[PDB]
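Enquirer:
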Amino acid sequence: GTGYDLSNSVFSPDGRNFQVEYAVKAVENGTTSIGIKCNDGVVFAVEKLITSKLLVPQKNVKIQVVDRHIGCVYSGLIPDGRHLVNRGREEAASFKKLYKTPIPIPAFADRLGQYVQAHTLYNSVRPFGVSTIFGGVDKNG
Amino acid sequence: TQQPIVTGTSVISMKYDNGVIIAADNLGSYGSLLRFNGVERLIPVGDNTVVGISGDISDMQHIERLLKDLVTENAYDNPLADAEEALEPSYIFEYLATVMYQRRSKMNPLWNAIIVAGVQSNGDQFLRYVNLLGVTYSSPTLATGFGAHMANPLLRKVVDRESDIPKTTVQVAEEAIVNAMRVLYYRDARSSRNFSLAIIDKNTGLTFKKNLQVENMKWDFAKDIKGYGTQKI
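Same order as they appear, the protein sequences are chains T and a. Residues in the first sequence are numbered consecutively from 1, following the deposited numbering. Residues in the second sequence are numbered consecutively from 1, following the deposited numbering.
1. Start and end of the alpha helix (DSSP H) containing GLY88 of chain T?
2. Can you give me the C-alpha to C-alpha distance between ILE92 of chain a and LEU67 of chain a, rounded to a whole angstrom?
3. With a cut-off of 8 Å, does the C-beta of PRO44 of chain a fall near any C-beta of chain T?
4. Using the Cα positions of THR101 of chain T and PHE95 of chain T, report the straight-line distance between them to the nearest angstrom.
5. Classify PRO106 of chain T as buried or exposed, calling it buried when 16 or more other Cβ atoms lie within 10 Å of its own Cβ.
6. In chain order, what are the residue ranges of uninterrupted beta strand (DSSP E) at least 3 long that sit wholly in the region 15 to 65 of chain T?
7. Just to confirm, is the Cβ distance from residue 158 of chain T to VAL137 of chain T under 8 Å?
8. I'd like to know whether the C-beta of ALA93 of chain T is nearer than 8 Å to at least one C-beta of chain a.
9. Output needed in chain order: residues of the region 52 to 86 of chain a with a Cβ under 7 Å from some Cβ in chain T.
10. Can you tell me whether DSSP reads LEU34 of chain a as helix, strand or coil?
11. Measuring CB atoms only, is the region 103 to 118 of chain a touching the region 128 to 136 of chain a, in the sense that at least three cross pairs come out at less than 8 Å?
12. Start and end of the beta strand (DSSP E) containing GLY129 of chain T?
13. Since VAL42 of chain T meets chain a, which of its residues come closer than 9 Å, beta carbon to beta carbon?
14. Verify whether the separation of the beta carbon atoms of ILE53 of chain a and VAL11 of chain a is less than 8 Å.
15. Leaving out five residues before and five after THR207 of chain a in sequence, what residues of the same chain have Cβ atoms less than 6 Å from its Cβ?
16. Given a limit of 7 Å on CB to CB distance, which residues of the region 54 to 73 of chain T reach chain a?
17. Any idea what DSSP makes of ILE53 of chain a, helix, strand or coil?
18. Might you give, ordered along the chain, the residues of its own chain that have their beta carbon closer than 7 Å to the beta carbon of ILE63 of chain T, omitting 5 neighbours on each side?
19. Whole-angstrom Cβ separation of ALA26 of chain T and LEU77 of chain T, contact assumed at under 8 Å?
20. To which residues does DSSP link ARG128 of chain a through a beta bridge?
21. The beta strand (DSSP E) that contains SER13 of chain a, what's its start and end?
22. How about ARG111 of chain T: is its C-beta nearer than 8 Å to some C-beta of chain a?
23. Measure from the alpha carbon of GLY19 of chain a to the alpha carbon of each residue in a:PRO79, a:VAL172, a:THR98, then state which is nearest.
24. Give a yes or no on whether the minimum CB-CB distance between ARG126 of chain T and chain a is below 8 Å.
25. Would you say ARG89 of chain T reaches chain a, if we count a Cβ-Cβ gap shorter than 8 Å as a contact?
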């Protein structure tokens with residue numbers, strides 16, 4: 001058969017979700033962004049394409065902050081990255097409200113992962129067109 | 001909150017030529033029981049604002065969490081969060097007052113009286129009061145509970161009108177605040193000897209004095225009081 005790539009959450013005969021891979025294609029077409037885990041922390045870096053010199057320098061920030069200890073950078077559709085960061089901020093807020101301590105990095109990672117994966121379960125929603133490098137320092141380093 | 005349980009008493013504050021000063025005793029009373037000592041009731045918001053809270057301590061901790069999350073959310077996507085777009089005292093107070101009036105209008109009030117003190121970005125002093133009813137007002141001197149009956153007379157002796165603010169040095173204001181705290185310890189049954197004080201000045205930083213104690217207590221004349229009228233020995 002054919003037509004497997006037209007709808008989201010549809011398995012192809014080889015067991016793939018082609019809409020997710022097209023989202024990955026959209027990601028690869030984005031600007032470069034990297035993260036480096038060091039001995040006692042993390043560093044995030046991103047390239048911002050200066051399309052013209054009419055862009056105000058040092059503005060148009062791409063790196064976003066979650067809570068006060070999590071840093072997130074993304075490549076792909078910037079609006080989808082902002083959406084994912086907002087969801088993660090809500091997750092971190094609820095975690096702090098219930099459990100008092102700021103959300104650990106693995107917990108936050110699983111929150112974001114469950115959100116993104118849920119966006120690949122239904123044909124009524126589009127997969128996320130971003131790849132996200134995030135992290136920070138918690139009680140475990 | 002439909003009835004307060006663990007409560008905190010007076011919070012007092014006054015303006016002076018360069019800024020504001022605010023004090024509150026470190027006591028959480030459980031009815032008539034001075035149960036919890038060492039309860040910080042002055043919450044610095046950043047480096048230019050201090051919120052003094054009186055009343056239900058659980059609602060005070062709720063307000064603390066709200067202020068923390070407000071600072072956090074102000075930091076989001078805001079490179080000037082440490083500069084031009086930092087949280088101002090007027091912003092924090094208007095948020096608190098909106099919350100208090102909404103809770104009052106839902107018949108579920110935050111059983112507190114709040115004094116937001118600080119210095120604006122333009123150096124202007126901010127000193128305003130909101131309570132569980134949503135009533136808001138500002139004055140050169142502000143006080144909650146018993147302070148509003150006893151501390152305010154002593155503080156208005158120092159700063160009676162707006163014109164007296166530029167004439168009020170920080171030494172005079174701090175001395176007045178400490179004397180008012182001593183008077184409150186004298187005549188308030190739900191007050192503590194230990195208190196905390198906070199000075200927010202436009203020229204220096206935020207100074208947060210903890211573990212202060214009421215001193216210079218006049219009790220000697222009590223040895224000469226005998227009986228309740230006719231007792232001679």
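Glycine included, every Cβ here is placed at the ideal spot set by N, Cα and C.
Expert: According to the data block:
1. For the purposes of this step, residue 88 of chain T is taken as the residue at position 88 of the first sequence. Residues 78 to 99.
2. Against the second sequence, residue 92 of chain a aligns to sequence position 92. Against the second sequence, residue 67 of chain a aligns to sequence position 67. Rounded to the nearest whole angstrom, the CA to CA distance from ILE92 of chain a to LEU67 of chain a is 8 Å.
3. Your numbering for residue 44 of chain a matches position 44 in the second sequence. Not closer than 8 Å to any Cβ of chain T, the Cβ of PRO44 of chain a fails to qualify, so no.
4. One-based indexing of the first sequence puts residue 101 of chain T at position 101. One-based indexing of the first sequence puts residue 95 of chain T at position 95. Approximately 8 Å between the Cα atoms of the pair.
5. Here residue 106 of chain T is taken as the residue at index 106 of the first sequence, counted from 1. By the neighbour-count definition (other C-beta atoms within 10 Å, threshold 16), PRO106 of chain T is an exposed residue.
6. Runs found: 33 to 37, 42 to 46.
7. Residue 158 of chain T lies beyond the residue range present for chain T, which begins at 1 and ends at 141; the question has no answer from this structure.
8. One-based indexing of the first sequence puts residue 93 of chain T at position 93. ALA93 of chain T counts as touching chain a.
9. Result list: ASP69, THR72, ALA75, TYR76, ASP77, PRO79.
10. Translated into the one-based positions of the second sequence, residue 34 of chain a becomes position 34. The three-state reading of DSSP puts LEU34 of chain a in strand, counting E and B together.
11. Segments in contact, yes.
12. Stepping through the first sequence from its first residue, residue 129 of chain T is reached at position 129. Unbroken run through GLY129 of chain T: none, as it is neither H nor E.
13. The residue labelled residue 42 of chain T in the question sits at position 42 within the first sequence. Simply none; closest approach about 18 Å.
14. Here residue 53 of chain a refers to the residue found at position 53 when the second sequence is read from its first residue. Here residue 11 of chain a refers to the residue found at position 11 when the second sequence is read from its first residue. Going by C-beta atoms, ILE53 of chain a is nearer than 8 Å to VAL11 of chain a.
15. Working through the second sequence from its first residue, we reach residue 207 of chain a at position 207. So the qualifying residues of the chain are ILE199.
16. Result list: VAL61, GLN64, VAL65, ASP67, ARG68.
17. Taking the first residue of the second sequence as 1, we reach residue 53 of chain a at position 53. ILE53 of chain a carries a strand assignment under DSSP once its states are collapsed to helix, strand and coil.
18. What you label residue 63 of chain T is simply residue 63 of the first sequence in a count that begins at 1. The beta carbon of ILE63 of chain T sits closer than 7 Å to the beta carbons of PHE44, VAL46, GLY71, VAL73 from its chain, once the five residues preceding and following it are set aside; these are given in chain order.
19. Locating residue 26 of chain T in the first sequence gives position 26, where the first residue counts as 1. Locating residue 77 of chain T in the first sequence gives position 77, where the first residue counts as 1. The C-beta separation of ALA26 of chain T from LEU77 of chain T comes to about 6 Å, placing the pair in contact by the 8 Å criterion.
20. As a first step, residue 128 of chain a is located in the second sequence; it is residue number 128 there, counting from the start. Its beta-bridge partners are a:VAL116, a:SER138.
21. Indexing the second sequence from 1 puts residue 13 of chain a at position 13. Note, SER13 of chain a: beta strand (DSSP E), 11 to 16.
22. Mapped onto the first sequence, residue 111 of chain T falls at position 111. In terms of beta-carbon proximity, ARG111 of chain T stays away from the interface with chain a, with every pair separated by 8 Å or more.
23. As a first step, residue 19 of chain a is located in the second sequence; it is residue number 19 there, counting from the start. Looking only at a:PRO79, a:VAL172, a:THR98, the smallest Cα-Cα distance to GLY19 of chain a is reached by a:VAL172.
24. Working through the first sequence from its first residue, we reach residue 126 of chain T at position 126. Not closer than 8 Å to any Cβ of chain a, the Cβ of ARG126 of chain T fails to qualify, so no.
25. Taking the first residue of the first sequence as 1, we reach residue 89 of chain T at position 89. With its beta carbon less than 8 Å from one in chain a, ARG89 of chain T belongs to the interface.
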